[PDB]
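Trainee: I'd like to ask some things about the structure below.
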């Protein structure tokens, strides 16, 4: 699943980054 | 066959030899650092037959050869076999001659100085290279990944280095050089496959196991859970076909081997694992450094290509690390071969053309010159 | 016929079986690990005649039997034949029923899991043993020798395991399993006796050559000088009497055989020999361990009875070892019977009664339990 | 006829002697390895009549001669008869005096050393040959077959050695010598033909059965199926005409003779056969050798003439051999003559002209020199 | 018998030449078979494993 | 000639038998082999086809 290997990296990175942003956006107060 | 005096770039490790020319984005060819020799008495006349075979020749004729690797966990000791590996790499693959090109080789930051001196001596005295430059693998690993700041996790066949770099500067007191590597995993797998009824002790058997590892192994995000199911059901087993037609079915050994990276005690090593060395190399750095290093743990070298390895280390580092702060592993597809790419990047920088040892300075000073000229 | 419910000790190898009662200093039943079967068509009737013969029966009637060994290179390949060896050893010679005598069996540290669990299963399901234990030969060798530390060279018929123990703890990362053993030395002798005009291939012939090896062969301290004279004069020849009254006279083959221990290439093995493996078992242990293992190099099992071997080994390890350091070999006359003696010591030890797997735990877990309970 | 001082080549077994001049593709003379002697009292005078007859003379006048051969199960036991055979073959048939030509003689690698010493001594002392070499029969079989790699199953008259060679190198630890050959197959047939009512015990009679075997027998692809039919129907009997005009018909006995190659128990041997040794020699070769030897198992020598043997052997080996791998038997036209042909190929190589023992080195050292100079 | 022999030898040699070709066809066929099995195996297994490890997307 | 004919005829039969035995084992090979050949690639091929779509999420 080559399509997945890369889509997997894309989504894990994009969600982790988006989540890191969600958490910081609130956490910064 | 090149139309410019581009530097040659080569990573001559304990595993593979990667080579190409500066300015490319990949080695042109990769083969094992092997020089093989017959372990049998010849009986037929007019059979040709070499005293020694190199690289792919050594593997192709291996049925009657004992195979040796000149580089021992990152250092060159058998320089004569390496002269043969370099000659093969340059002339029978890249079709270049060092005499017409400056050459860049690389080593870990805490690699014994003897390695850099011997590599310099041979390229200048037996290949007549016009210039030399021994690069740091950590420098090259971050160039290839695109960082000036981060931890180099170069977990390949020889040694794991674990070095923090900040804004292009070394933070050397925090380097955790560790005697845990892909080479130990091959031998450990031979021993746990012996437990399953398939003993492996010879060179051919070692090359078979290295192939099993490279094709079947992974680490997994949760070891104990993966272990519990692999140890209980055939659903996590994978077969491997041996060169002679035998088939080996492998279960939890498929990950128990690689898990040694997180649990070094499996091979008798006094270590907390690669995730703790990464963690401590950051924790020993100042707090205005740590915020950038935890977010940039960077993979290079082999074993970093195992499924679950970036997630496994990020999870453990995150568990050990403080909250609020973000912890991340950078693990690009240009894995295992990224240090070569970094070599191309360094070799081709305009800011690097003053860093070369020329074959003038070399003869006036001798090979010890590398210790003062490169870094 | 015994007066106590003492565990039996049964060191069942690829060669011979040494069996007896724990708490004593010697085996009481010693048999070859042989099950024999007739290979001829009967003509007379009312001659008795068994389907199979075991132990001494197998050898006494061997003139028309093909003789097989149920154990090969450290493991049981034919457990039905081992049940036949065990039934005879236990009930006819030792004159004991395992039902009231738990029984200790032996194995090498990296021996396949399947062998340790199959031995456990037969004793619990065929002999109804109340409890079981499978011991490490290295442990037993060190108890017999009065040590908790040393390298056990268990150089018997099957496998040489080269296993270090320090302060009673295993140092498994340093075990050097070697595919060179007494069975190979016998085969080598059959081939070089063929060179002298005396081919040996059939069962009677295979048993003769093993007996020749045990009686005539040696290593001495200098192969090349011993060969220079053995190959030049009858003064180093020794005659062996064959069963039919004929004789064979043997020259340098007398030492060329066991020399395979120092020169494995003689049988096509990719190895530097038993002294290299002994050395690596010491060298691969931590630097503050090495000194105690150098001083406690322990001979155990078969082949330890070749003249000159205890000193030959001390010399060969000393030659690889650092200077100043004292290299010492432990080689008592209780050589080869030391595994049995240790089995007696361990089985009867009060500190080890909880180490026996009972026939409760066995049925709840199955035979794989031996892997979790014995060590 | 020869117009150059080329090497002479001569293969000598317990069956026949093949000889000719190096550089050809066939012997120019072939004689039985036989010296005949009269066993009767002469009454007429002026009748000529020899004390001894050799080769074709021995067979042509055999009606009153006892016929004996000098070579037993691979070795020379009667050097005087070999000198007569070579004297006749070289001087009367090939019309060459070895005094002016180097000579190449052959044996398999496990052949007892006395054989190589006698071959060397006879040619240097009774023929005054200027040079000698003793070559390996497996080496010559592979040259004749167009191989450097393969296993030579030399199923000749005396002994079968089944010698594996890889890239022109010996793998001596894997030579599985077998005490089964064409001479034993003849004996089996004499006993089974006795059961049919035809006793064959005297020299003329022994020669007849050997001739019957060579012309009437075949292996049988499926022994049991061929026997079920051959034992039930006369349509499978082949009629052989005896020298006196009488005939013998042979039914399932026609294949039960060569079946001994797959059933050595037929002559009392403790072996499964030629396919078992084919399998064991390869089984003991290095795991990275096996694939090339399995795809190139080589028939050599006689008994390979059986039009049943080509399929019988590949079926029997394929059945034991690994999956995935191509399993193949080479059954070349250079059969029954492959050693001589290989001898010509070796003897005529420019790379072989430095391999000769000269008649200088020979006299200084004596015939034991062959042991150091040839292999 | 000579003509019958030449015909029988033609048949034996025809067939021997033909069987040789067929034996070659088998050797090639088996290599093709192995390729089918090996590629199939590799594909079915690379997917069972790719999907078993690549489960989180 | 009679013996050579019997041997040649026997060999004509054995060689032709080997030819029809191999033509048959080859057909029986190839035919069963093409089944693998046609389904291992089609199964794996359709699996890969499906993968392009399986991964469209």
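As a convention, Cβ positions derive from the backbone with ideal geometry for all residues, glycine included, and neighbour counts pool all protein chains shown. What is reported rests on the model, the rules as stated and the sources as named; none is laboratory data.
Trainee: So, residue C:3, is that one exposed (fewer than 15 other Cβ atoms within 10 Å of the Cβ) and closer than 21 Å to residue C:78 by Cα or not?
Mentor: No: the conditions fail for residue C:3.
Trainee: Separate question: Identify, by number, the condition in (1) in contact with a helix residue (DSSP H, G or I) (Cβ under 7 Å, 6 or more places away or on another chain); (2) within 14 Å of another protein chain (Cβ to nearest Cβ); (3) not in a loop (DSSP other than H, G, I, E, B) that residue D:277 doesn't meet.
Mentor: (1)
Trainee: Of everything in the stretch B:346-365, what is in a loop (DSSP other than H, G, I, E, B) and touching a residue at least 40 places away in the same chain (Cβ under 8 Å)? Give them in sequence order.
Mentor: Selection gives B:348, B:355, B:356, B:359.
Trainee: Filter the stretch C:117-135 for residues that are touching a strand residue (DSSP E or B) at 6+ places or on another chain (Cβ under 8 Å) and farther than 19 Å from residue C:71 by Cα; which is surrounded by the most Cβ atoms within 10 Å (Cβ to Cβ)?
Mentor: Once the filter is applied, the top-ranked residue is C:132.
Trainee: When the residues of the stretch D:280-306 are narrowed to those that are within 14 Å of chain B (Cβ to nearest Cβ) and in a helix (DSSP H, G or I), which ends up surrounded by the fewest Cβ atoms within 10 Å (Cβ to Cβ)?
Mentor: D:283
Trainee: Continuing with the same structure: Among residues belonging to the stretch D:74-92 that are more than 15 Å from residue D:30 (Cβ to Cβ) and in contact with a helix residue (DSSP H, G or I) (Cβ under 8 Å, 6 or more places away or on another chain), point out the one that is farthest from the other protein chains (Cβ to nearest Cβ).
Mentor: Ranking the qualifying residues of the stretch D:74-92, first place goes to D:83.
Trainee: Determine whether the stretch D:187-210 contains at least one residue that is at negative phi, buried (at least 18 other Cβ atoms within 10 Å of the Cβ) and within 14 Å of another protein chain (Cβ to nearest Cβ).
Mentor: no
Trainee: Could you tell me whether any residue of the stretch B:32-42 is more than 9 Å from chain D (Cβ to nearest Cβ) and within 17 Å of residue B:337 (Cβ to Cβ)?
Mentor: Yes; the residues of the stretch B:32-42 include at least one that is more than 9 Å from chain D (Cβ to nearest Cβ) and within 17 Å of residue B:337 (Cβ to Cβ).
Trainee: Now a separate question. Restricting to the stretch D:93-110, count the residues that are buried (at least 24 other Cβ atoms within 10 Å of the Cβ) and within 12 Å of another protein chain (Cβ to nearest Cβ).
Mentor: Counting residues in the stretch D:93-110 that are buried (at least 24 other Cβ atoms within 10 Å of the Cβ) and within 12 Å of another protein chain (Cβ to nearest Cβ) gives 3.
Trainee: A further question follows. Might you check whether a residue that is over 30 Å from residue C:174 (Cβ atoms), outside the structural domain of residue C:144 (by CATH) and touching a helix residue (DSSP H, G or I) at 6+ places or on another chain (Cβ under 7 Å) occurs anywhere in the stretch C:108-122?
Mentor: Yes, the stretch C:108-122 has at least one match.
Trainee: A follow-up question, please. Identify the residue in the stretch B:317-333 that is assigned to a loop (DSSP other than H, G, I, E, B) and without any contact (Cβ under 8 Å) to a residue 12 or more places away in the chain and, among all such residues, is farthest from the other protein chains (Cβ to nearest Cβ).
Mentor: Filtering the stretch B:317-333 for residues that are assigned to a loop (DSSP other than H, G, I, E, B) and without any contact (Cβ under 8 Å) to a residue 12 or more places away in the chain, the one farthest from the other protein chains (Cβ to nearest Cβ) comes out as B:322.
Trainee: Additional query: Only one of these conditions is not met by residue B:269: (1) under 15 Å from residue B:185 (Cβ atoms); (2) more than 12 Å from every other protein chain (Cβ to nearest Cβ); (3) in a loop (DSSP other than H, G, I, E, B). Which number is it?
Mentor: Single failed check for residue B:269: (2).
Trainee: Got at least one residue in the stretch D:159-172 being away from every other protein chain (no Cβ under 14 Å) and either out of contact with any strand residue (DSSP E or B) (no Cβ under 8 Å at 6 or more places or on another chain) or buried (at least 24 other Cβ atoms within 10 Å of the Cβ) (or both)?
Mentor: For the stretch D:159-172, residues away from every other protein chain (no Cβ under 14 Å) and either out of contact with any strand residue (DSSP E or B) (no Cβ under 8 Å at 6 or more places or on another chain) or buried (at least 24 other Cβ atoms within 10 Å of the Cβ) (or both): absent.
Trainee: For the stretch B:136-158, give me the residue count where each residue is crowded, with 20+ Cβ neighbours inside 10 Å and not in a helix (DSSP H, G or I).
Mentor: Looking only at that region, the number is 10.
Trainee: Here's another thing I want to ask about it. Consider residue D:249 against the criteria (1) touching a residue at least 12 places away in the same chain (Cβ under 8 Å); (2) over 30 Å from residue D:324 (Cβ atoms); (3) part of a helix (DSSP H, G or I); (4) out of contact with any helix residue (DSSP H, G or I) (no Cβ under 6 Å at 6 or more places or on another chain): it satisfies all of them except one. Which criterion is unmet?
Mentor: (3)
Trainee: Can you name every one of the helices (runs of 4 or more DSSP H) wholly within the stretch D:166-238 that holds 2 or more residues which are farther than 30 Å from residue D:64 by Cβ and not assigned by CATH to the domain that holds residue D:151?
Mentor: D:223-230
So that you can scan it fast, the table gives a plain yes or no per residue for (1) free of Cβ contacts under 8 Å to residues at least 60 places away in the same chain; (2) surrounded by 14 or more Cβ atoms within 10 Å (Cβ to Cβ); (3) over 19 Å from residue D:220 (Cβ atoms); (4) at the interface with another protein chain (Cβ under 8 Å from one of its Cβ atoms):
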residue: F:1; (1), (2), (3), (4): yes, no, yes, yes
residue: F:5; (1), (2), (3), (4): yes, yes, yes, yes
residue: F:15; (1), (2), (3), (4): yes, yes, no, yes
residue: F:21; (1), (2), (3), (4): yes, yes, no, no
residue: F:28; (1), (2), (3), (4): yes, no, yes, no
residue: F:33; (1), (2), (3), (4): yes, yes, yes, yes
residue: F:39; (1), (2), (3), (4): yes, yes, yes, no
residue: F:45; (1), (2), (3), (4): yes, no, yes, no
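Trainee: Return the residues of the stretch C:16-44 that are surrounded by fewer than 22 Cβ atoms within 10 Å (Cβ to Cβ) and part of a loop (DSSP other than H, G, I, E, B); say none if nothing qualifies.
Mentor: Those that are surrounded by fewer than 22 Cβ atoms within 10 Å (Cβ to Cβ) and part of a loop (DSSP other than H, G, I, E, B): C:23, C:25, C:26, C:28, C:39, C:40, C:41, C:42, C:43, C:44.
So that you can scan it fast, the table gives a plain yes or no per residue for (1) in contact with a strand residue (DSSP E or B) (Cβ under 8 Å, 6 or more places away or on another chain); (2) in a loop (DSSP other than H, G, I, E, B):
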position	(1), (2)
B:46	no, yes
B:49	yes, yes
B:89	yes, no
B:115	yes, no
